[PDB]
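Asker: Structure incoming, see below.
There are 2 protein chains.
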Amino acid sequence: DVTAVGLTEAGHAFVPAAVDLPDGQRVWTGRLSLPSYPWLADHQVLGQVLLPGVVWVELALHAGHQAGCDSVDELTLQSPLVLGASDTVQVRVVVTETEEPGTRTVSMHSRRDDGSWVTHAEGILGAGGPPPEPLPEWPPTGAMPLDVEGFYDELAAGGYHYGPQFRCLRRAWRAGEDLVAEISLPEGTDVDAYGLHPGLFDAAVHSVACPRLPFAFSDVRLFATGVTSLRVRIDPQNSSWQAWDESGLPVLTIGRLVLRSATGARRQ
Amino acid sequence: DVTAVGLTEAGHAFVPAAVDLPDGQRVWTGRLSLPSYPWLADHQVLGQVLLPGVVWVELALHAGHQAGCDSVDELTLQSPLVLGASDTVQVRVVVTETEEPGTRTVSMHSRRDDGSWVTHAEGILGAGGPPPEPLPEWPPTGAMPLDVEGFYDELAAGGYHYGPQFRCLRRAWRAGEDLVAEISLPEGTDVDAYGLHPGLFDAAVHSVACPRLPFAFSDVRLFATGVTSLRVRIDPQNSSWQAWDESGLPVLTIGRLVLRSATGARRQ
Numbered sequence: 001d002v003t004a005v006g007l008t009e010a011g012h013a014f015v016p017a018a019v020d021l022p023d024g025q026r027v028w029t030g031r032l033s034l035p036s037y038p039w040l041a042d043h044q045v046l047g048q049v050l051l052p053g054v055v056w057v058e059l060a061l062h063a064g065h066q067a068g069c070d071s072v073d074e075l076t077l078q079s080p081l082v083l084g085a086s087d088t089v090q091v092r093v094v095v096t097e098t099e100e101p102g103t104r105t106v107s108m109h110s111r112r113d114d115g116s117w118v119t120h121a122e123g124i125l126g127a128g129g130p131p132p133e134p135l136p137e138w139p140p141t142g143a144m145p146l147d148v149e150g151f152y153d154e155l156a157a158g159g160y161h162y163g164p165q166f167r168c169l170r171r172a173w174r175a176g177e178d179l180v181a182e183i184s185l186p187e188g189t190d191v192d193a194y195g196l197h198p199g200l201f202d203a204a205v206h207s208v209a210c211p212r213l214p215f216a217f218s219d220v221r222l223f224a225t226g227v228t229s230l231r232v233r234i235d236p237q238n239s240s241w242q243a244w245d246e247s248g249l250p251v252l253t254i255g256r257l258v259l260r261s262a263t264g265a266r267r268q
Numbered sequence: 001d002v003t004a005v006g007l008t009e010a011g012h013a014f015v016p017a018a019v020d021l022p023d024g025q026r027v028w029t030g031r032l033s034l035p036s037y038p039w040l041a042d043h044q045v046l047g048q049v050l051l052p053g054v055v056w057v058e059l060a061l062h063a064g065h066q067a068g069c070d071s072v073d074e075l076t077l078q079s080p081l082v083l084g085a086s087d088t089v090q091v092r093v094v095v096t097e098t099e100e101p102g103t104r105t106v107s108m109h110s111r112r113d114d115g116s117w118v119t120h121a122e123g124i125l126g127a128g129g130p131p132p133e134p135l136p137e138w139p140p141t142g143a144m145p146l147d148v149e150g151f152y153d154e155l156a157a158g159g160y161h162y163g164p165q166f167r168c169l170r171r172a173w174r175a176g177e178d179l180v181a182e183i184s185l186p187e188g189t190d191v192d193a194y195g196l197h198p199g200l201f202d203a204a205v206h207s208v209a210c211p212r213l214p215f216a217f218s219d220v221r222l223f224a225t226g227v228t229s230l231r232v233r234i235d236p237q238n239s240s241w242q243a244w245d246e247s248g249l250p251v252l253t254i255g256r257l258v259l260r261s262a263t264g265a266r267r268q
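Printed below as a string of structure tokens:
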């Protein structure tokens with residue numbers, strides 16, 4: 001119970017404590033390791049366990065909401081975080097007020113014991129945004145069912161080995177020039193301490209493949225927490241995402257997402 | 001156990017946790033209240049429970065030692081901290097690296113729930129200092145015993161009501177132009193989680209009265225922890241302190257100390 005040491009319970013699985021500072025700064029803190037979250041081993045690229053980049057967006061959405069900034073105006077990923085089998089890593093989310101109210105900087109960092117701080121993401125938290133649009137029918141129509149059989153075996157062949165907690169893609173269609181998909185977590189996935197569980201958040205992004213890593217995010221908003229199943233619409237003409245729950249209520253919008261390509265401890 | 005939230009156990013009663021930050025900053029954090037440390041009610045000035053100013057020096061000595069800076073080059077007190085009967089207060093000690101190694105800034109802050117941050121002290125942590133001198137005989141000789149009967153009743157009459165944990169002065173002599181004193185904690189005082197227990201630290205300073213508050217500290221060094229009884233020598237020609245334990249081993253030096261005179265919640 002962190003209030004006994006003058007901190008605030010922060011209500012997130014990855015950053016359970018928050019440290020208000022006289023800076024106008026607020027810092028969310030946690031410890032990441034595979035024994036604490038074994039399902040993190042289900043995100044392995046080229047034999048390395050990497051923290052999914054969408055984890056840093058999820059943390060920004062959580063910190064920004066707690067700070068009054070319901071929008072991730074901008075988040076840019078930098079160095080990846082590789083989790084060894086033995087590794088334990090301190091994590092920080094640092095939110096800093098600016099000279100313009102309603103706009104705050106955010107940065108994400110980690111540190112291993114015998115090591116220095118590493119910056120994993122930097123960005124800007126903002127107020128509000130465009131309202132989401134409704135889901136008038138599902139699936140969209142004139143939409144052709146796509147064969148997603150062995151979709152994950154295909155990704156594995158290109159080096160992206162998605163484990164049980166990340167194999168969330170269930171059905172997909174081509175809808176005009178857009179991609180639409182049903183994506184859902186395995187049954188019994190605990191999502192209480194997340195805004196959007198990383199495995200479902202990641203499958204929302206990696207479904208664009210019907211094998212790359214997210215790089216830069218613009219205008220991300222989360223409208224609902226605790227969602228375990230999504231209906232997703234992806235538009236590559238400005239690489240944007242909309243997600244609704246099974247009843248069509250809005251869950252997530254990404255105004256723009258740009259991807260990128262491929263150090264680290266040794267495997268096994 | 002704060003390591004589970006990515007922090008460090010800091011080993012001090014008032015600041016049990018430390019937050020390393022990528023700033024090069026390190027922050028010690030705690031919660032202060034009279035139910036957690038009821039002996040803090042034993043330091044009451046003009047009816048107000050004030051945190052003794054020497055608490056901020058003790059915290060600086062603890063943080064500086066953990067950061068490699070064995071000297072409080074400089075600490076200047078600002079706003080006092082008044083503890084209400086009901087009050088709970090978050091405290092921070094913020095240590096920041098500078099452009100000159102071996103020298104770091106330190107600042108002390110508090111915040112009540114419905115309130116803003118308040119700065120209680122600012123200063124500079126440094127490396128090393130002058131070595132302490134030995135204690136060749138005790139008491140010093142040609143030293144005349146001073147009557148310290150009702151010393152605390154006298155202080156009370158001027159508004160300084162020292163309670164059991166702070167009534168540590170036992171014997172005093174005039175030694176030439178210097179003051180020397182034996183000062184010790186009540187039996188059974190737990191000092192495990194302090195460098196120098198605040199009640200004994202404060203009695204070292206307030207013994208100068210054979211009724212004022214500390215203001216500015218220069219060149220403070222703590223040579224030993226866990227001491228419960230002190231032999232003290234005060235020199236008003238540069239308002240300096242030396243303290244040894246009962247066996248003459250060095251405990252504390254204050255290179256220079258300047259005092260000062262007299263908001264707050266309502267008593268009772």
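Chains as they are written, first to last, in this note's numbering: chain A, 1 to 268; chain B, 1 to 268.
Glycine included, each C-beta is placed from N, C-alpha and C at the ideal position.
So, is the C-beta of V55 (chain B) closer than 7 Å to a C-beta in chain A?
Answerer: Output row for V55 (chain B): interface = no.
Asker: Around the Cβ of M144 (chain A), are there at least 16 other Cβ atoms within 10 angstroms (buried) or fewer (exposed)?
Answerer: When all chains shown are included, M144 (chain A) counts as exposed.
Asker: Give me the Cα-Cα distance between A224 (chain B) and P250 (chain B), rounded to the nearest whole angstrom.
Answerer: When rounded, the distance between both Cα atoms is 7 Å.
Asker: Taking only beta-carbon atoms, is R26 (chain A) less than 7 Å away from chain B?
Answerer: No, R26 (chain A) does not count as interfacial toward chain B.
Asker: According to the neighbour-count rule (16 or more other Cβ atoms, all chains shown, within 10 Å of its Cβ), is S247 (chain A) buried or exposed?
Answerer: The residue in question, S247 (chain A), is exposed, as its Cβ has fewer than 16 Cβ neighbours within 10 Å.
Asker: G150 (chain A) to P22 (chain B), Cα distance in whole Å?
Answerer: Cα to Cα, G150 (chain A) sits roughly 43 Å from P22 (chain B).
Asker: Can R256 (chain A) and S207 (chain A) be called in contact, C-beta distance under 7 Å?
Answerer: In this structure, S207 (chain A) does not lie closer than 7 Å to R256 (chain A) by Cβ.
Asker: Of all Cβ atoms in chain B, is any one closer than 7 Å to the Cβ of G158 (chain A)?
Answerer: So, not an interface residue.
Asker: Should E187 (chain B) be labelled buried (16 or more other beta-carbon atoms within 10 Å of its own) or exposed?
Answerer: That one is exposed.
Asker: Does the segment 3-13 of chain B come into contact with the segment 259-268 of chain A, if we say contact requires no fewer than three beta-carbon pairs (one atom in each stretch) closer than 8 Å?
Answerer: With a cut-off of 8 Å, the segment 259-268 of chain A and the segment 3-13 of chain B do not count as touching, because too few Cβ pairs lie within range.
Asker: Cβ of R112 (chain A) less than 7 Å from any chain B Cβ?
Answerer: For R112 (chain A), the answer is no, since every Cβ of chain B falls outside 7 Å of its Cβ.
Asker: When you compare the CB positions of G30 (chain B) and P52 (chain B), do they come within less than 7 Å of one another, or not?
Answerer: For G30 (chain B) and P52 (chain B), no; Cβs fall outside 7 Å.
Asker: Give me the chain B residues within the contact set of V5 (chain A), using Cβ-Cβ distance strictly less than 7 Å, ordered along the chain.
Answerer: Residues of chain B passing the Cβ test: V2, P16, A17, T29, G30, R31.
Asker: Tell whether a beta-carbon distance below 7 Å holds between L259 (chain B) and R221 (chain B).
Answerer: Not in contact: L259 (chain B) and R221 (chain B) (Cβ atoms no closer than 7 Å).
Asker: Determine the burial state of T253 (chain B): buried for a count of at least 16 other Cβ atoms within 10 Å of its Cβ, exposed for fewer.
Answerer: Result: buried.
Asker: Quick one: what's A181 (chain A) bridged to in DSSP?
Answerer: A181 (chain A) is bridged to A:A172, A:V232.
Asker: Taking Cβ-Cβ distances shorter than 8 Å, what residues in chain B pair up with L83 (chain A)?
Answerer: Within 8 Å Cβ-Cβ: nothing; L83 (chain A) doesn't reach chain B, min ~14 Å.
Asker: Would you please state the rounded distance, in angstroms, between the beta carbons of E74 (chain A) and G123 (chain A)? I believe it to be under 8 Å.
Answerer: Their Cβ separation, rounded to whole angstroms, is 5 Å, which keeps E74 (chain A) and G123 (chain A) in contact under 8 Å.
Asker: DSSP has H43 (chain A) in a bridge; who is on the other side?
Answerer: Beta-bridge pairing links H43 (chain A) to A:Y162.
Asker: Taking only beta-carbon positions, decide if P22 (chain A) is within less than 7 Å of chain B.
Answerer: Closer than 7 Å: yes.
Asker: Going by alpha carbons, who is nearest to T189 (chain B) out of B:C168, B:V205, B:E177?
Answerer: Considering only alpha carbons, the answer is B:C168.
Asker: Where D202 (chain A) and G102 (chain B) are concerned, what is the direct C-alpha to C-alpha distance, given to the nearest angstrom?
Answerer: So the alpha carbons of these two residues sit roughly 45 Å apart.
Asker: Assuming the contact rule is C-beta atoms closer than 8 Å, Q165 (chain B) and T96 (chain B) should be a hit. Round their C-beta distance to whole Å, please.
Answerer: Rounded, the Cβ-Cβ distance is 33 Å, inconsistent with contact.
Asker: Note down the Cα distance separating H12 (chain A) from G195 (chain A), rounded to an integer number of angstroms.
Answerer: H12 (chain A) and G195 (chain A): Cα-Cα distance of roughly 8 Å.
Asker: Give me the subset of the segment 192-214 of chain A whose CB atoms are less than 8 Å from a CB atom of chain B, sorted by chain position.
Answerer: Cβ contacts with chain B: none found.
Asker: Look at the alpha carbon of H161 (chain A) and the alpha carbon of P130 (chain A), and state the distance between them as a whole number of angstroms.
Answerer: Between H161 (chain A) and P130 (chain A), the C-alpha separation is close to 35 Å.
Asker: Would you decide whether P198 (chain B) is buried or exposed? Buried here means 16 or more other CB atoms lie within 10 Å of its CB.
Answerer: It is buried - the Cβ of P198 (chain B) has at least 16 other Cβ atoms within 10 Å.
Asker: Residues in its own chain within less than 6 Å of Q242 (chain A) by CB, not counting five upstream and five downstream?
Answerer: Around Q242 (chain A): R233, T253.
Asker: The beta strand (DSSP E) that contains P198 (chain A), what's its start and end?
Answerer: Per DSSP, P198 (chain A) belongs to no beta strand (DSSP E); it is in the alpha helix (DSSP H), 198-206.
Asker: Would you grab the beta carbon distance between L146 (chain A) and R174 (chain A) for me? Rounded to a whole angstrom, and I think it's under 8 Å.
Answerer: Contact holds; Cβ gap of about 6 Å.
Asker: If we require 3 or more residues per run, which beta strand (DSSP E) segments fall completely within the segment 95-161 of chain B?
Answerer: You should have 104-112, 118-126, 144-146.
Asker: CA-CA distance, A262 (chain A) and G84 (chain B)?
Answerer: Taking the straight line joining both Cα atoms gives about 57 Å.
Asker: Thinking C-alpha only, which one of B:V72, B:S33, B:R231, B:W39 is nearest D113 (chain B)?
Answerer: Checked all of B:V72, B:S33, B:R231, B:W39; the closest Cα to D113 (chain B) is B:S33.
Asker: Once DSSP output is grouped into helix, strand and coil, what is the label at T3 (chain A)?
Answerer: Three-state result, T3 (chain A): helix.
Asker: Quick one: Cα of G226 (chain B) to Cα of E58 (chain B), how far?
Answerer: Going from the Cα of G226 (chain B) to the Cα of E58 (chain B) covers about 13 Å.
Asker: Should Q48 (chain B) go down as buried or exposed, given a rule of 16 or more other Cβ atoms within 10 Å for buried?
Answerer: The residue in question, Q48 (chain B), is buried, as its Cβ has 16 or more Cβ neighbours within 10 Å.
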